[PDB]
Amino acid sequence: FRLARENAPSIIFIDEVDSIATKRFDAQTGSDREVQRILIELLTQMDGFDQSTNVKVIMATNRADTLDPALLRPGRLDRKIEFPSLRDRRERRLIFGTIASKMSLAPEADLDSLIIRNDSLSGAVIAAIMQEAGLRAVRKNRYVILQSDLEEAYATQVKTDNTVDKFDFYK
Amino acid sequence: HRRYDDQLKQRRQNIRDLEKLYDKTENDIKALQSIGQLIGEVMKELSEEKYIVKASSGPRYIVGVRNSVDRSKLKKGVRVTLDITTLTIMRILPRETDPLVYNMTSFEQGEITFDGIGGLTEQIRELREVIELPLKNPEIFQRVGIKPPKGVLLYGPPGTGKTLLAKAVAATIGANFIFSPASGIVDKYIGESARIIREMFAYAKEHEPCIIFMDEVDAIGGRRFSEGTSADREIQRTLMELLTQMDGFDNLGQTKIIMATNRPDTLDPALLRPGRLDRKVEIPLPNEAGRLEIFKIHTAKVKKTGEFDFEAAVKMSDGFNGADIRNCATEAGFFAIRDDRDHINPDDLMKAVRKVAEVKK
Amino acid sequence: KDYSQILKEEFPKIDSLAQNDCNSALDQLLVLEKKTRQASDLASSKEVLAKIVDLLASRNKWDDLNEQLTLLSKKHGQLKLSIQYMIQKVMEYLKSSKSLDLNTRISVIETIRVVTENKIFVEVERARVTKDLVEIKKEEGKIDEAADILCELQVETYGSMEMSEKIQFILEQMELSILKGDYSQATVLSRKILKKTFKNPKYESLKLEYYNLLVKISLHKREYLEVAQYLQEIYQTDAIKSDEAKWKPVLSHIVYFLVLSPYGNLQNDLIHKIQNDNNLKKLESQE
Amino acid sequence: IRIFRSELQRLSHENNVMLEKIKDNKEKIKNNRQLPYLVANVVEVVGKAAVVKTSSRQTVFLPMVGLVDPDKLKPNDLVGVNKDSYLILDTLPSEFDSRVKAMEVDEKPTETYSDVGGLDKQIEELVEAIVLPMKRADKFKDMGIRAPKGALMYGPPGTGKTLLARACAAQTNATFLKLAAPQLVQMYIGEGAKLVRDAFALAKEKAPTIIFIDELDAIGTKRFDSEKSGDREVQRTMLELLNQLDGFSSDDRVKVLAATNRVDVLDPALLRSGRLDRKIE
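Every chain's residues are listed with numbers counted from 1 in the order the sequence is written; these need not match the entry, and residues without coordinates are not shown. Chains carry letters from A onward and ligands carry numbers from 1 onward, assigned in written order. As shown, the structure covers only some chains of a larger assembly, and all values describe those chains. To obtain the side-chain values, all non-hydrogen atoms of the structure were included, while hydrogens and water were left out.

- Where the PDB entry is consulted, chain C appears under the name 26S proteasome regulatory subunit RPN5, with the organism given as Saccharomyces cerevisiae.
- Here the PDB entry title reads "The resting state of yeast proteasome".
- Among the UniProt annotations of chain C, the heading Function holds the following wording: "Acts as a regulatory subunit of the 26S proteasome which is involved in the ATP-dependent degradation of ubiquitinated proteins."
- UniProt positions are given in the numbering used here, feature names are shortened, and annotations may be inferred rather than shown by experiment. Database annotation for chain C, UniProt heading Sequence similarities: "Belongs to the proteasome subunit p55 family."

- Under the PDB entry, the name given to chain A is 26S protease regulatory subunit 6B homolog, and the organism recorded is Saccharomyces cerevisiae.

1. Quick word on a nonpolar patch on the surface
Point 1. By definition, no residue in a patch forms a salt bridge, and every one has over 30% relative accessible area; like charges are joined within 9 Å, nonpolar side chains (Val, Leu, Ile, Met, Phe, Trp, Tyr) within 5 Å. Accessibility throughout is a Shrake-Rupley quantity obtained with a 1.4 Å probe, and a residue counts as covered only by protein chains that appear here. Should a side-chain nitrogen of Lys or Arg be within 4 Å of a carboxyl oxygen of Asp or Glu, the pair is scored as a salt bridge. Nonpolar side chains collect at one region of the surface, where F1, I14, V57 and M59 of chain A lie side by side and expose about 300 Å² of accessible area between them.
Point 2. Looking at where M59 of chain A falls in the secondary structure, it is placed in strand 2 (residues 57–59). Each helix is a run of H or I in the DSSP string that is no shorter than four residues. Each strand is a run of E no shorter than two, and both are numbered from the N terminus.

2. A word on the pairing of strand 3 (residues 59–63) of chain D
All names here are of chain D.
Point 1. Where burial is concerned, most of strand 3 is hidden: four out of the five residues are buried.
Point 2. At least two bridges found by DSSP between two strands are what make those strands a pair. Both strand 2 (residues 49–54) and strand 3 contribute to a ladder of five bridges, which runs antiparallel. Looking at the pairing, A49 lines up with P63 of strand 3.
Point 3. A loop of four residues connects strand 2 with strand 3, the two strands running antiparallel in sequence, and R57 in this loop sits at a positive phi of about 65°. Throughout this description, buried means an accessible area under 20% of the type-specific maximum (1.4 Å probe, protein chains only), exposed means over 50%, and partly exposed covers the range between.

3. Thoughts on the sheet that holds strand 7 (residues 257–261) of chain B
Residue and element names in this part refer to chain B.
Point 1. The strand order across the open sheet formed by three strands is 7-4-8, and the pairing between neighbours is parallel. In this open sheet, the two strands that pair with only one neighbour each are strand 7 and strand 8 (279–281). With direction set aside, neighbouring strand axes in the sheet form an average angle of 20°.
Point 2. Across three bridges, the pairing between strand 4 (residues 151–155) and strand 8 is parallel. Here the axes come from fitting lines to C-alpha atoms, over the contacting stretch only for helices, and the angles between their N-to-C directions go from 0 to 180 degrees.

4. Details of the pattern of salt bridges
Point 1. Taken as a whole, this structure holds 43 salt bridges over all chains when the rule is applied.
Point 2. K355 of chain B is the salt-bridge partner of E331 of chain B, the closest N and O atoms lying 2.5 Å from each other. Note that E331 of chain B is positioned in helix 12 (residues 322–335) and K355 of chain B in helix 13 (residues 346–358), a separation of 24 residues in sequence.
Point 3. Its relative accessible area of 2% is what places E331 of chain B among the buried residues.
Point 4. Of the residues examined, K355 of chain B reaches a relative accessible area of 24% and is grouped as partly exposed.
Point 5. A salt bridge links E14 of chain D to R10 of chain D; the nearest nitrogen and oxygen atoms lie 3.7 Å apart.
Point 6. Among the residues examined, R10 of chain D registers a relative accessible area of 59% and is labelled exposed.
Point 7. Each member of the salt-bridge network shares a partner with another, and the members are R24, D32 and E34 of chain A together with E234 and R237 of chain B.

5. Topic: helix 10 (residues 288–301) of chain B
All names here are of chain B.
Point 1. Here helix 10 spans 19 Å end to end across 14 residues, near enough to the 20 Å set by a 1.5 Å rise per residue.
Point 2. Within helix 10 the residues assigned to the buried category are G290, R291, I294, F295, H298 and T299.
Point 3. Two residues form a contact once any of their heavy atoms are found within 4.5 Å. Where the residues of helix 10 are buried, they touch helix 11 (311–315) and helix 12. Here the expected span of a helix is defined as 1.5 Å times the quantity of residues minus one.

6. Section: the environment of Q186 of chain D
Residue and element names in this part refer to chain D.
Point 1. If you trace the backbone, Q186 turns up in the loop between strand 6 (175–180) and helix 8 (194–205).
Point 2. Put simply, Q186 and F176 are 10 residues apart on the chain and 23 Å apart in space, counted from C-alpha to C-alpha.
Point 3. When sequence neighbours within four positions are dropped, the list of residues in contact with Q186 reads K101, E191, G192 and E233.
Point 4. A polar contact of 2.5 Å, which involves the side chain of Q186, links it to the backbone oxygen of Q183. The definition of a polar contact used here is a pair of N or O atoms within 3.5 Å, where within protein one atom must be able to donate a hydrogen and the other to accept one, and adjacent residues in sequence count solely through side-chain atom pairs.

7. Quick notes on the sheet that holds strand 7 (residues 209–214) of chain D
Residues and elements named next belong to chain D.
Point 1. The strand order across the open sheet built from five strands is 6-7-8-5-9, with neighbouring strands paired in parallel fashion. At either end of the open sheet lies a strand with only one pairing partner, and these are strand 6 and strand 9 (279–280).
Point 2. Note that strand 5 (residues 152–154) and strand 8 (residues 256–260) share three bridges and pair parallel. Pairing of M153 across the sheet is with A259, part of strand 8.

8. Describing the interface of chain B and chain D
Where interface size is given, it is often the accessible area lost as the parts come together that is meant.
Point 1. Taken residue by residue, the interface counts 76 residues in chain B and 74 residues in chain D.
Point 2. Two parts placed together each lose some accessible area under a 1.4 Å probe, and adding up what both lose gives the buried area. Summing the contributions of chain B and of chain D, the shared interface buries around 6900 Å²; its carbon and sulfur component is 59%.
Point 3. A per-residue breakdown of the area chain B buries against chain D is headed by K188, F334 and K361 of chain B, which together make up 10% of the total.
Point 4. The interface formed by chain B and chain D holds six salt bridges in total.
Point 5. For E191 of chain D, the salt bridge identified is with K188 of chain B, shortest N-O distance 3.9 Å.
Point 6. Run the count over chain B and chain D and you get 16 residue pairs in polar contact.
Point 7. Secondary-structure elements contributing two or more residues to the side of chain B that touches chain D are helix 1 (3–17), helix 2 (20–29), strand 1 (37–44), strand 3 (79–82) and helix 12 of chain B.
Point 8. The element contributing the most residues to the side of chain B that touches chain D is helix 12 of chain B, with eight residues.
Point 9. A per-class count over the side of chain B that touches chain D returns 31 nonpolar, 17 polar and 28 charged. Residue classes follow a fixed rule: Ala, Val, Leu, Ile, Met, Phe, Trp, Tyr, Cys and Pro count as nonpolar, while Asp, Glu, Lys and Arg count as charged, and any other residue, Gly among them, counts as polar.

9. Things to note about helix 16 (residues 247–258) of chain C
All names here are of chain C.
Point 1. Between its terminal C-alpha atoms helix 16 stretches 17 Å, which fits the 16 Å expected from 12 residues at 1.5 Å a residue.
Point 2. Restricting attention to buried positions, one finds in helix 16 the residues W247, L251, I254, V255, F257 and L258. On an axial view of helix 16, the arc spanned by its buried residues comes to 155°, and they lie on one face. The arc in question is traced by the directions running from the helix axis to the C-beta atoms.

10. As for the environment of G159 of chain B
Point 1. Its location among the elements puts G159 of chain B in the loop between strand 4 and helix 6 (165–172).
Point 2. Given the relative accessible area of 11%, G159 of chain B is considered buried.
Point 3. Spatially, the C-alpha atoms of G159 of chain B and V101 of chain B are 22 Å apart, while their sequence positions differ by 58 residues.
Point 4. Contact partners of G159 of chain B, with chain neighbours within four places excluded, come to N243 and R275 of chain D.

11. Description of the interface of chain C and chain A
Point 1. Across the contact, four residues belong to chain C and six residues belong to chain A.
Point 2. Both faces considered, chain C and chain A share a buried interface measuring about 530 Å² in area, 47% of it formed by carbon and sulfur atoms.
Point 3. Of all residues in chain C, the largest losses of buried area upon contact with chain A belong to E117, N118 and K119 of chain C, amounting jointly to 62% of the total for that side.
Point 4. Where chain C packs against chain A, one counts one salt bridge.
Point 5. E117 of chain C is the salt-bridge partner of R142 of chain A, the closest N and O atoms lying 3.8 Å from each other.
Point 6. Applying the counting criterion to the chain C and chain A interface returns one residue pair in polar contact.
Point 7. Across the side of chain C that touches chain A, the residue classes break down as no nonpolar, one polar and three charged.

What follows is the structure, given as structure tokens:
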């Protein structure tokens, strides 16, 4: 964090901070203390923060419920950015025409069948539409991607459960 | 006089054996002035010549330099040679990844022919399409404008039509096959863990045809929603470094991602991303067409009479896999040991087929 | 093999009309297709099936054969390389007739499935069929639809593979934009080829073509700065490979265009030349 | 002819000059060759050079050295060097780290076929599993039948199991190596799981032996539930056991045998020609 004070246009990104979540003691110094001395120094190196206000620290995580609640105190971590899915029809359509712009697509192929029925998905399902349907054209040595291959890949794309069906509530 | 002529020639050959041996030891006697140098790697340039080098053999020691070499190969990310006493840089050695047994497996590819656990044409060939495509011409993904898929997922019973696909399919591709055991990366004392695997990708940048196979790892699967672990909290921690190779600066398309598991339990969904894992090969119980190619190899091993019918034995198969097929002639051949004959009757082979169905589960 | 009895089926191809062979003899064609299917590539030979289709071409009308090749491409049609000779070789008989068959050949172009989407056949021969169709459309008055046919079709055959077969397509498409009247169209059409030809051994007349059509593009823009750059590589080409026969008259317009620009970093080295001090006195006058 | 007069006297006088020079230069080497030194590990097999990492967590670099043979160069090869100059002198044996952390050695126990009873039905099927491939491989290679390395049994003791497994070592006359199942699971990460290939490496190199597992239920209480993530070393020990039988095969010196009081866990993946064959109740 010393370089953050020297060079102002610097951005420090720490991915996957969820590696530590709640706490552990066990062996004490052995194979534990490593992140507990960081927490004290997270209260130290971030104390010199606010002088330049050019320091950029962004922590990525998966489960935020088990993390340290004391970090939410102002001066260390102010506001957290929630990353839900909640993708509506207007949001998913913008990514559809992004990667497919570089690919030659037949005018008779369209996602309206997969756009209406799908609800509450993420960008991973969208990014694989260019993957699985693209690989489907590789197996048959097809140049473009028709509308049939879009529906054929819909089974593996969305539903990842290979055990028993899906949604056994109302069957 | 001619009796010693052949013996003296053998004595002269013995003199060379009595000479060239200690000749290599004498160089070590004069080598007492130069002590064996420790390990070091250039980190960041500091002065003109002398730079910052941390020795992996101990604490941080910045040594001197020598004029026998120049600064072309003294840049960051290369092994150097540092003296213990004088503390200088002697020469420039090539970068060493320490090809240990778990770093690079001595067993590579395989001595075995095509799939003996195979016979499914659609699924097995489906894996080769995402493999051999970047190996020759990666021009299909350029017009599509997508990153080459590395995703391969295997779920089902371990070792049956699942594990041996690595030593078989990847052996005929003609690429580097490095077996990566989960029990060799544990490092019970001060675990290096995923940092070991990071040093393994150096072969991928050097040798493009490199294949990495994770063999039946359910250990990193459980995410422990309670988080009450002891030594397993580091496992979810060391797994995040493995996700970096599927996330960060590393983009190749050569090294293939293959991870196997016994059951679709609490396994981490992040590694299950449709970008990280793509092809999912189930281990079903197919019809005769699936197990036909297994029966041919199963037949060529056993030497018996030329009259047999295996079509009726296909219907007899219930809950049987590539390993259970070997059990057929294994138990049937045991009945003919005391019979002083290697011939296996078709009805005697079917008797062992029913016997495996009783011991199932 | 089973191909010895097919010679007995060539007798009705002579006397009886080929319309009866579209049904009775078609049954034998389906039997040969069911011997392999997708199990293997070539069990025996794929050439006999392509030879039978060739015999059904010049006999009956081209309307019935066009429908026969339609169903063969919908399922399997033996080896994917066998589809090549069952169509291409058939088009060889149309080159000696044409006339009223030009409109019939248009239906054959839309019959194959590789025009809309590239499947297997990678050769540019089908692009040459549409290229020759453009030349027919040029005489009929079709212009705007000519450039769009050869635009993305050359990429479908060999994208990165063979540039030599791609040379003739880019050159012809750039000529279509000149006759259309749009100079900015043909400029973007040639991009990826770049100077890579200069990084390969000199093929002569290739480099003598592109720079001829690039000046015609600058003719509509009336920009004299870019013309001097396109006359550069050919200036050294005729001074090494060729003789001064075609080298001198080109140089007459090379230095004539240099006065048309406010000098330059390259033009400062274009002042003193060793070989421009002789022959025509006007070349000395411009010097 | 006359050259042999002064040649034989010169070649005989060089005995101490050439051959004995090997042991003459050892005056200062033997003191360093004495066991009070620092051992090392060979991590690598420009010119010719290699890299050696000591057990002291100090990696040393050395040029081409004739103190080792080219066939002796192996990754993770236990060796030893000088306390300062770091020159390979005494090469340690194989089997890195420990050997089968717990052991009981018995050559020919008193328990034999006469001291057991009622198991002759299972012993009749046991000879065709272990005993026969231990000696005659001729009939097995002709039919391509790979015999398993052991079987599985469960029940109260005194009728079999312990006394049964020990009686097999007396008849076959092989090394008896016994490691309990609760001793496989340890407090660290992969401590016993790393010993899986270790136990097989010692068994493969030195003598024929049959590895016995006492009270399999210790490493055998899992089933299918979600508590398997509590101990990740247990399942890796089982998966490393099943998949490595083919790579560690092609000898008579490794045999895997397991036993317990009762088997409450039904695993369909334990049935293979090389895996556990007999389920003995």
